[PDB]
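Chain and residue survey
Here's the letter readout for the chains.
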Amino acid sequence: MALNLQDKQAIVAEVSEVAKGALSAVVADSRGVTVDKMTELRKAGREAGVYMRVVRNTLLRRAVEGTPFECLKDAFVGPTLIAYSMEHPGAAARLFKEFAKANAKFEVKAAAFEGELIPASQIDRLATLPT
Amino acid sequence: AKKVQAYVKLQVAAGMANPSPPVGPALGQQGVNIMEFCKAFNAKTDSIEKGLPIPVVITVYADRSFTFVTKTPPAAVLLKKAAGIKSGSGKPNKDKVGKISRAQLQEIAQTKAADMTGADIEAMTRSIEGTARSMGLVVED
Amino acid sequence: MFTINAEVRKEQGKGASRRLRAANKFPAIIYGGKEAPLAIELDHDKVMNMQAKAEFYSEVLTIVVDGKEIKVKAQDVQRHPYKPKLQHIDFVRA
Amino acid sequence: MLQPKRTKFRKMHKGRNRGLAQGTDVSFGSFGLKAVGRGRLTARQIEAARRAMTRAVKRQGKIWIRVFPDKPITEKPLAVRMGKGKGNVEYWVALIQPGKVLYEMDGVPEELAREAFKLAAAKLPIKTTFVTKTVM
Amino acid sequence: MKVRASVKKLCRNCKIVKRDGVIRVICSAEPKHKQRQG
RNA sequence: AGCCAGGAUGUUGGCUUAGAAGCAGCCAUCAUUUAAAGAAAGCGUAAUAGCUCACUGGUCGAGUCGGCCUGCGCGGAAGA
Ligand SMILES: [Mg+2]
Ligand SMILES: [Mg+2]
Ligand SMILES: [Mg+2]
Ligand SMILES: [Zn+2]
């Protein structure tokens, strides 16, 4: 029931998870195999977190209307499709790891796996934790 | 492979891996013979389903053989052997379609959580529980 | 809450009533209580849409005639013999 | 074929068929086949429409026949002159006026009843409509 | 083709067209479904 | 509407237990996996394949879909 207000609520409910957790991801729509796509989504929902929602309400208007409360640079709805997956175990978690590793492996596309850094001051791998 | 390349779905219970004598020649599109039917399935399906429902993979790989990722014991063979009542659909309204208890589902999960998984291990348990209970009956235990 | 706008009927009888129904209205009567019955005319399509609801015939209706609001109840309805039309409606007061 | 058992008079005047009908409401079931036209409904037509309804809805629910023929129609045999008394009763008809509910159906989904009434209406010489029961 | 007085869509692929004042049924799936006159 | 695409590996379904084959008879049976898995749509429907009930995402930017009443038309409409 993707209605006017329903998609208005969908954007806010999908942006709340991003503002409360870590960077999310997406998945495009070019070609999908039964076993390949399901197992990848099954593995993604296991490692990154069971709260992953492949639902997509990221239209060029709905995304910029609700989500833009924080990080007003969220007008990149140019993706071919969206399949979201949160990262509870810290930032740049297995969600980011799986998306960055499956962007060119065992998948068609992942909407370039741009990511959503919380401060967005600069783009960094954040792969170093000196200790 | 679990994703059978030639998924001609006609295969007798896991006692004899995909018995063509019981499937007949209507599923003759498969090319299974003694080279790739009695080597892996007939040797690795003993503790999965002994005379119980377990489909046999008819996949043929590209390496002149048939060998790829299989899965854990069938849910329809574990949750029913741990239940006793071998009934199901078709006659699920007149009588019980089998027993689907918490213990039966837990045992099915503990047996089929190796490779047959979903969004999580408990999700695979939910798949096992649904595979046992959706036959038409579920036990209140 | 159902609000019906009514007009007091000037002429009454067979000829006048048929002229109303040709004019896409239909006659109605408000009786009951202590005061005299009031013959009104209602605009057919709005009342027909409202009466499509089952609760039209159970709740208390308000009829706006001459500015004065009247709490009424649908007492009886005369339907067209074979058409989805209303010929006449009885309204008991309160 | 409906027919009155033990009627009082064998033959009846032709009469006329003026006026609107009386049983114009869905009284017994929830859906009705209402006649918007005027004419005669023979016993054969009533039976044929009933069978079409009873087969479209596979003998499920309840079907009421609100009309009963009870009017004998006479015909003269072929190659007989005019006069020499009134003809022999050949069949029975029910006089139908516009608004007459002919059939009622209950215990059936609305769209299935609509299709069942469509099949029955194709068997009838009078134009008909589908009607549902109303509060008051 | 069929030249019945009553022409309808017999399946989903039937389309009703009105070429030259005649109401026709053209089907891309079943040539038996070709009907001529409204 | 068209276009960028998709929709089981418990599942010959526990299933009339030789399946009646991800959608013959077969009963229900998302069964997390949902931009999708219906245990069923035309292909293969007894069956692989690439299209694909439905279902959305993506594009792209004003309406779109069915009914009801009513005016005037159309077909039904062939003779010496
Ligand atoms: Mg007069
Ligand atoms: Mg021409
Ligand atoms: Mg004409
Ligand atoms: Zn057709």
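Residues numbered from 1 in each chain as written, not as in the entry; some residues may be left out. Chains lettered and ligands numbered in written order. Part of a larger assembly, values for the part shown. Heavy atoms only, no water. Residues with missing side-chain atoms left out of burial classes, pairs and counts.

Regarding how it was determined, this PDB entry cites cryo-EM in its header, along with a resolution of 2.35 Å.

1. With respect to the pattern of salt bridges
All names here are of chain C. Across the salt bridge formed by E11 and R19, the nearest N and O atoms sit 3.3 Å from each other. A salt bridge links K25 to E41; its shortest N-O distance comes to 2.4 Å. In this pair, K25 sits in strand β2 (residues 25-31) while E41 sits in strand β3 (residues 38-43), placing the two residues 16 residues apart along the sequence. Salt bridges here are not isolated pairs; linked through shared partners, they connect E7, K10, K25 and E41. (Salt bridge = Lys/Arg side-chain N within 4 Å of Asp/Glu carboxyl O. Helix = DSSP H or I, 4+ residues; strand = E, 2+ residues; numbered from the N terminus.)

2. Observations concerning the sheet that holds strand β1 (residues 3-8) of chain C
Residues and elements named next belong to chain C. The strand order around the closed barrel formed by six strands is β1-β3-β2-β6-β5-β4, and the pairing between neighbours is mixed. With direction set aside, neighbouring strand axes in the sheet form an average angle of 45 degrees. The pairing of strand β4 (residues 61-65) with strand β5 (residues 68-79) spans five bridges and is antiparallel. Within the sheet, the bridge partner assigned to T62 lies in β5 and is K71. Of the strands in this sheet, β1, β2, β3, β5 and β6 (86-93) are in contact with helix α2 (residues 44-51), which crosses β3 at around 90 degrees. (Pairing = 2+ DSSP bridges. Axes fitted to C-alpha atoms, helices over the stretch in contact; angles between N-to-C directions. Contact = heavy atoms within 4.5 Å.)

3. As for the arrangement of the chains
Take the two pairs of chains in contact: the one carrying the most contacts is chains C and D. Separated in space, chain B and chain E share no contact, their closest pair of C-alpha atoms being 28 Å apart. Considering only C-alpha positions, the minimal separation of the non-contacting chain C and chain E is 26 Å.

4. Let's talk about the packing of aromatic side chains
Judged by centre distance (5.7 Å) and plane angle (55 degrees), the rings of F117 of chain D and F130 of chain D are tilted. Here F117 of chain D, found in helix α2 (residues 110-121), pairs with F130 of chain D, found in strand β7 (residues 128-132); they are 13 residues apart in sequence, far enough to count as distant. Among the aromatic residues, those joined into a cluster by ring pairs are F2, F56 and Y57 of chain C. (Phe/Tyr/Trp six-rings, centres within 6.5 Å; stacked < 30°, edge-to-face > 60°.)

5. Comments concerning the side chain of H80 of chain C
Residue and element names in this part refer to chain C. Here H80 lies in the loop between β5 and β6. From its side chain, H80 meets the backbone nitrogen of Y82 in a polar contact 3.1 Å long. A distance of 2.9 Å separates a polar side-chain atom of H80 from the backbone nitrogen of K83. For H80, the residues in contact, after removing those within four places along its chain, are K85 and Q87. (Polar contact = N/O pair within 3.5 Å; in protein donor to acceptor, adjacent residues only side chain to side chain.)

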